[PDB]
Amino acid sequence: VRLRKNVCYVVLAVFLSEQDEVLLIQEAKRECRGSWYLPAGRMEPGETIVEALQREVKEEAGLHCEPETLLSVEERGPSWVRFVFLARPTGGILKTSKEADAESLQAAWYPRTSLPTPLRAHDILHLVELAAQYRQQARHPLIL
């Protein structure tokens, strides 16, 4: 729970439902306004990694969640790190266009196979595939 001063630590949530839908958010940030991404943001000092994840999901999408696995850990140089969790919903209220504000314009569930446009960046396509693969394996355990 101690963070280095000149390091940026990011958490990102991939939700992939039993109906093969992904939870996306429509960015209110001026630097990518109206583009679509996954719930994500920067860890704050004093929070655990999973507390950060839950806060960002709640702020951006309105939902309560729990992590199911860590799907990917990425660095971009030594001063940027991202923890990409698979998460699942455990309560809260989906934050729709009714609540449009500076945290997010809306949150919405889209078919993994028919994602909205424009996407903020195309790295989440791979992160979503990781989730699809984990879900596939979980439903096909292959016990003889």
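Start at 1 and count along the sequence shown; that's the residue number.
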Tell me which stretch, 100 to 108 or 28 to 36, has the higher mean Cα B-factor listed in the entry.
28 to 36
Compare the mean C-alpha B-factor of 5 to 13 with that of 131 to 139 as given in the PDB entry, and name the stretch with the higher value.
131 to 139
Of 54, 48, 117, 113, which one's C-alpha B factor is largest in the deposited record?
113
CA B-factor ranking of residue 67, expressed as a third of its chain:
middle
Rank-wise, by C-alpha B-factor, drop residue 125 into the lowest, middle or highest third of its chain.
highest
